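One structure is given below, encoded as structure tokens.
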Amino acid sequence: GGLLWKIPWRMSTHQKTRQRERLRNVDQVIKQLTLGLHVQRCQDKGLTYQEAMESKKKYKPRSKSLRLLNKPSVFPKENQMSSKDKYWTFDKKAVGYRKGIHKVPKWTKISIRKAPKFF
Amino acid sequence: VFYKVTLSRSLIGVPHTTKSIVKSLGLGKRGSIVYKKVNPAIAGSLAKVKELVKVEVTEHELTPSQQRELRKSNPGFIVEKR
RNA sequence: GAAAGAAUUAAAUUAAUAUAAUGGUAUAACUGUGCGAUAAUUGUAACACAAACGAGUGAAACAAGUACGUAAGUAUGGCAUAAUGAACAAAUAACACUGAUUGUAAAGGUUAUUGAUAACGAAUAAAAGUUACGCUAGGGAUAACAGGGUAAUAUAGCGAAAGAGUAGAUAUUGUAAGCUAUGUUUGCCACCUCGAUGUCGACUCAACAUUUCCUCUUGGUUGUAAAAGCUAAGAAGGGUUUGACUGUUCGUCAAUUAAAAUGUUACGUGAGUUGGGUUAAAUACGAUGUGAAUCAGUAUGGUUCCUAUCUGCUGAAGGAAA
RNA sequence: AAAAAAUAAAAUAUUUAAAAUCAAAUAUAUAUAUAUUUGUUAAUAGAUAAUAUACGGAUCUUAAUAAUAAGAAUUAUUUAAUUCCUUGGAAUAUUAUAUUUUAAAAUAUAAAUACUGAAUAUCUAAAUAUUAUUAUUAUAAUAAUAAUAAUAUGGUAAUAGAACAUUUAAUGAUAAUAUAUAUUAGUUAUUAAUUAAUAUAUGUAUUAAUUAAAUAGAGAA
RNA sequence: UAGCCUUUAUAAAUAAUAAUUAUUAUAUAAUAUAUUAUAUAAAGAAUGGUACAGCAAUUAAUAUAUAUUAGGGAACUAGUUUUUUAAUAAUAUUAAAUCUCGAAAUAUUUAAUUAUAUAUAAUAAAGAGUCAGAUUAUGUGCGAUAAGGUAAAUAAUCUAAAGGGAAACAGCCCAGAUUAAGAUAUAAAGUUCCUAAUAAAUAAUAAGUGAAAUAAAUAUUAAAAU
RNA sequence: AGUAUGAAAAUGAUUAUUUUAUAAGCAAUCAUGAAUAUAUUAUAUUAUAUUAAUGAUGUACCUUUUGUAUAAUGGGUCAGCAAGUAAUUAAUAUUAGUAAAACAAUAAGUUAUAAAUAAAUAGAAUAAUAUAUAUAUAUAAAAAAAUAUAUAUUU
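Sequence order for the protein chains is c and U.
Here the authors' numbering is used: the first residue of the first sequence is 13, the next is one more, and so on.
Here the authors' numbering is used: the first residue of the second sequence is 2, the next is one more, and so on.
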């Protein structure tokens, strides 16, 4: 290994904060998507925008992917997530079966919340 | 109701399927704002690119001209010709 | 109540299937059987599949005829998937299409079939070597050497402790396995230039490491009485050889010494030397090849250059801010 | 021997875990029913080569007394004051400053929106291109220029488009108050041309411009 | 020769892309045990055999004071027999490039709706260049689970990409230069100094461990818990 | 190897300005003092110009490459010279002329005007759009492949 890819094995505090923020943003996006759908469905039934926003009973999304994203068991929120799953991917060939998320290529775009139950 | 979707991240490190999805959605460059009438189809498409994009719901959409007008900064002066 | 039938479920595709392996198979493709022996037929094939092309694979259908089946029908070879070969050139048909002034013919077309191109998209009908006398175009796009990458290998270390060690695993000993280190070697990789001899050894000169050979300090050592030692810690200040043979590094051997450490430094060192080895052109010897020649073989012989520009180092001045 | 008793400081271990259990939270019916999520170890030794120590370097672990004043710059989990509350708040605590009073006091108000950060984005002007409207001036359904909107405008090999310099041929005014050439200083979104100053020639442009021809452009052999 | 590229056009034009709908079931609701609507849940039309998981058949491995077979043995009075053997059965326990009875997601792809039309196909007549790739990430063959290795697969960048980060930095992290300009958001990364830019909480460390290139089995000392 | 002329460059010396004797690299750009120069509107607290205070950032070019500052390659430096061109064809585009004709004009020929088929003597509605017809296989004529042809005025 003569070429030096000087990437540290762990993240800085600032990196971790940025990661957390990014995670929070994707959750927010999902929430917005569900909310807009609900609003649209209220409008279709025949309420005003404000009335729809007020509504006690929020409509859950019917499409599959959205419904999965809504579930925390499948796609957890940043507040829900463990410290470890925010900053460590599962890597079967690593010692500890764990690897920094920053070592994943395009980790800033690519999402990866859920690790295996005991790894 | 409308999703105001914004292409927050680039499409440089992104695979070709996700690029194609973004193109279909209508977003060109980074930080280029697009309003979409809400429906299941567009929602699913947005979910498919959830990490590149920032979405937020709105009462009304805005045309490109309106958006431009909103953007324009205040010129702090009033011309008086003589 | 009984018989008999029709069977139904389960089980099975392990049997078997022309033959590999897979896929399929009992709704049977498998098995027995009657008939037959025809569709292991003849023109147009759409359309897909595959696919660069040339090719290949399935195949609706239209038409002519054959076969079996009451019939529905099925049959354009085999349960499927291998089982093959371009053109050109001849050949034998067949054809009735040309027919070079005419008529015939010759020959050529068209259809049918044929024998190989297994380096198997077949360069021709037909072509092996050697060159250390070698040459050019090149590549370093793939080996020489040296660097790098790597750490099996090699070097060292550690945990554990079977077994030695009179009596006791851990005075000293330490298998097989285990975990590391190292980046010296033999590899491995081709990433460096492949206009890097510094061509591998010697000499000159050393520099550096410490993984200490001696020398200094110190623990243990029924295996420290003493002295010799053994073993371990600190420690690199100093010091660590001269011959016989060998191109030799190496080693053996002699004589020594406190000791005669282990390395790194382009296997330290030639624009500083040598050139003995490996090394071109001569050459002979054993072995190999029909032979030219060849060989990890052995052997005699055999050409190396450079006035230092920069850096660096050794000294020596001048200038200068004092 | 030795106990204000356990509630907690005994040993012998196993252990190093939120699966389980428990606590905290989400989600459903909801006077607390299920399901999902979150919560369980540290330091030293081991330590190890060769030009030179090398976290990039400095350097960083804080201490009352005592400065306006320091107190990780390491690791783990987090905030943008803090606590509540549903991003937005409410409260208050600081921080500031003012006030006007006896350095304090009490009231006031800011302000609590961290920051750096790209040739990204927006903004602010410029160019070209394209689609869509325009405006103006003069295939007018056209063109020239100018407007507003949007979209695009990295680039080797390569494809396409459009320009310029140079030389010759056809047409061809002008004139040493000119031209040609050179230096410098300007101007024109500028390989170019042009202004001026100056030097030198030359009584003069194959001159501007349109074509057509090129021996048409050299830091690479 | 195609694959990837360009130019100029063409239209019966949306065929291109992407996503959704499609299904199973539950509640209620309305009809007629029915079947519409609504809502909720479910990795939700169709295809497949990877991971995963499993030990079924197949390929293998274990263990039985089992049995049974014959026996090896065994008093005795050949039998019975008893502490061995083998297979095979019984039970239980396991694994596998070329086993998958369970079985993902990605994926393949269907029709219609939908959004992209200053956009995609498709097709016409023409021009090319390339066929030495590299690294990085992931699942692998090879290699010693060695290599800046080698063989493909997939994704991205490079190649052919200037910029910010990673000390320096072809390929990593961001991000795509038309010409400016420099006010506003920022990305990746950072904010004691060098060096643009900060202050906090709460732990824990004392070793400069550490502070952008995490070295191990093992020993020790601690710490929780049972 | 003509004759003039020749502020063409490379290169030598000298001087003037300006910088430089505590500072380390493609030697530039940008920032920024300073010194000097010239300036017929410097009104100036001016402008421009020259110049290695000073600070920031900055790994020649080219070829060849998976990839170069590269210790891969070429060049001492300047000036001149040096490289997709010609002839005979064929095809496609675009334009212009001409047009069911064109070219050429005496003729002769070439191209298109019919598709074919190996080739021969075959050849495109017998009542209209392929369900017509034309040729090739086949054939009594059909159907079946393919290609082609017909919907005031021919293309």
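Every residue gets a Cβ at the ideal spot worked out from N, C-alpha and C, and that includes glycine.
Contact list for the region 41-67 of chain U against chain c, Cβ threshold 7 Å: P41, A44, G45, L47, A48, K51, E52, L53, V54, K55, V56, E57, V58, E60
CB of c/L15 within 7 Å of CB of U/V58, strictly: Walking along the first sequence from the start, residue 15 of chain c turns up at place 3. Walking along the second sequence from the start, residue 58 of chain U turns up at place 57. The answer is no: Cβ separation not under 7 Å.
If you scan the region 40-66 of chain U from start to end, which runs of the alpha helix (DSSP H) of 4 or more residues do you find wholly inside it? 41-49
Given this structure, state the Cα-to-Cα distance separating U/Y4 from c/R34, to the nearest angstrom. Translated into the one-based positions of the second sequence, residue 4 of chain U becomes position 3. Translated into the one-based positions of the first sequence, residue 34 of chain c becomes position 22. Approximately 20 Å between the Cα atoms of the pair.
Between the C-alpha atoms of c/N91 and c/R36, what's the straight-line distance to the nearest angstrom? Here residue 91 of chain c refers to the residue found at position 79 of the first sequence. Here residue 36 of chain c refers to the residue found at position 24 of the first sequence. Their backbone Cα atoms lie some 8 Å apart in a straight line.
Of the residues U/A48, U/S25, U/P16, U/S21, the one placed nearest c/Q44, counting alpha carbons only: Stepping through the first sequence from its first residue, residue 44 of chain c is reached at position 32. c/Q44 has its Cα closest to that of U/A48, out of U/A48, U/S25, U/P16, U/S21.
State the DSSP-derived secondary structure class of U/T18, mapped to helix, strand or coil. Translated into the one-based positions of the second sequence, residue 18 of chain U becomes position 17. Reduced to three states, the DSSP call for U/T18 is helix.
Min CB distance c/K28 to chain U below 7 Å: Residue numbering aside, residue 28 of chain c sits at position 16 when the first sequence is read from its first letter. By this cut-off, c/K28 is not an interface position.
Roughly how many whole angstroms lie between the Cα atoms of c/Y99 and U/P76? Against the first sequence, residue 99 of chain c aligns to sequence position 87. Against the second sequence, residue 76 of chain U aligns to sequence position 75. Answer to the nearest angstrom: the Cα atoms are 47 Å apart.
Check this for me: beta carbons of c/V41 and U/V56, under 7 Å apart or not? Here residue 41 of chain c refers to the residue found at position 29 of the first sequence. Here residue 56 of chain U refers to the residue found at position 55 of the second sequence. Contact flag set, yes.
With 16 other Cβ atoms within 10 Å as the buried cut-off, status of U/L71: Residue 71 of chain U sits at position 70 when you count from the first residue of the second sequence. That one is exposed.
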